[PDB]
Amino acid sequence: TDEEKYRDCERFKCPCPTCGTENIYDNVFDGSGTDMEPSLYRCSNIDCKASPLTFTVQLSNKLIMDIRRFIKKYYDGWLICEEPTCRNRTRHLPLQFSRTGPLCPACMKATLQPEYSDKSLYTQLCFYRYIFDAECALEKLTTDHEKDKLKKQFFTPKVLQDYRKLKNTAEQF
């Protein structure tokens, strides 16, 4: 299940280069069934007629900014004690390991856990890739009619290229 898999992930935010309002993205599509439009089709501010698809360059630059932030957050290495009564927080990995990992140096009977785990970082990157994987969001449509009406209406070969680009912004890093 995609909704729960990316439930704790941070949503991609990027302010309209024109009106200035912050747009939030969590899926390729915005809305449901028939009135479904690619989230990147229109600004969220109704008095802004600029299409985010016009500022693909600014979005890619923002994704890079964000992705850097996450990778740096992971590498900061904050560790926190699993004992509720200790909760010692440190960036110093202790060389003294117990059977399940670093031994908290405050209380000496609990293991230190990564504050931002590698599994959280990996899920976050997969999310940033999922919200721009147009081909996949389309294959997740049952009827080839619903898809192709949509594919013909918004997903031109060029727009599909724009999405592929954003979707792969991930591996530049």
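Residue numbers run from 1 along the displayed sequence.
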query	finding
Stretch with the greater mean C-alpha B-factor as recorded in the entry, comparing 143 to 151 against 112 to 120	143 to 151
Higher-scoring stretch by recorded Cα B factor average, 17 to 25 or 158 to 166	17 to 25
Options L125, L59, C107, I46 - largest CA temperature factor per the record	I46
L40 CA temperature factor, ranked by third within the chain	highest
Ranked against its chain, the third holding the CA B-factor of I64	lowest
